[PDB]
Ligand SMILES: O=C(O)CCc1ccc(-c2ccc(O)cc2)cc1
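One chain comes next, on its own, written as structure tokens: the form solved without this ligand.
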């Protein structure tokens, strides 16, 4: 049966099933006020699928100059063509190689650059913005988005959306690496998975993905979306409540010291965006500091809602295209205020 919603993370995460249900706000706002993330499924069924393919981005924009990041060692690959990234998105035989002769796991940095998405891709802009869930919160002029209504005493988000494009992590060693390291944002955000590319050449890579989800602490209902419904999993997230951010900073200062980093007692390991919490570190956070988070698998067409102030990290299972929009809900406006 069609149903309005269900629960993940053993009841701790709301999952809305109909992205355009006009009554979603009633269920959403109860969870959102408590500082929780929310998942909305099915957004891919609302979009023009031909606008979100890697081959179309390579054909239309392939001659632009860009920088990449090597996800395994954070090395910057400077001033290459964006087709050099797109043409290896799914075909492993076409990826840029490290010295060891292995194909690299790459992230496309700051593309489209700054606030230029709308100018560069006006048809993609319209398709996304007209189909975002919880539109009173998420549209630029929504009634419950305070972004355009606040004075300079508040940090306001840039004009969006922002595209996040990166290959999937592959090996057992890659299990400890982030696509996006642990960080927090002073605005709210909605992050939509618009394409998942499952490769070929080294295709048969299905089983290290299951051990990553299992060891990542994914709940039993989330494991059923793979095995029972054959949906395409894109990325494993860990999200922590904003109230737990200082306890996470205490753990990371202790670990940085144990690893011989030489840091002042007040430095901010979350703002530095230098850490990925692997299975060892997530268990230490729980046991030693009493902090529990949310382990979320984002499938094709899932929209993840990330509360302002909430520390979060992302680990791509397969090659992903994500598009995100920032907003300022009244529930979380305290996180962007510049005083006390």
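Positions refer to the first chain, counted from 1.
Note that the form deposited with this ligand bound isn't included here; everything after this is about it.
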The listed residue (133, 161, 168, 233) that reaches within 4.5 Å of this ligand in the entry with it bound by any heavy atom is 233
Though this ligand is not shown, can you say which of 177, 105, 248, 226 has a heavy atom within 4.5 Å of it in the entry with it bound? 226
One stretch from 118-126, 140-148, 256-264, 209-217 that, in the entry with it bound, holds residues within 4.5 Å of this ligand by heavy atom: 209-217
Mark residue 198 yes when one of its heavy atoms lies within 4.5 Å of a heavy atom of this ligand in the entry with it bound, and no otherwise. yes
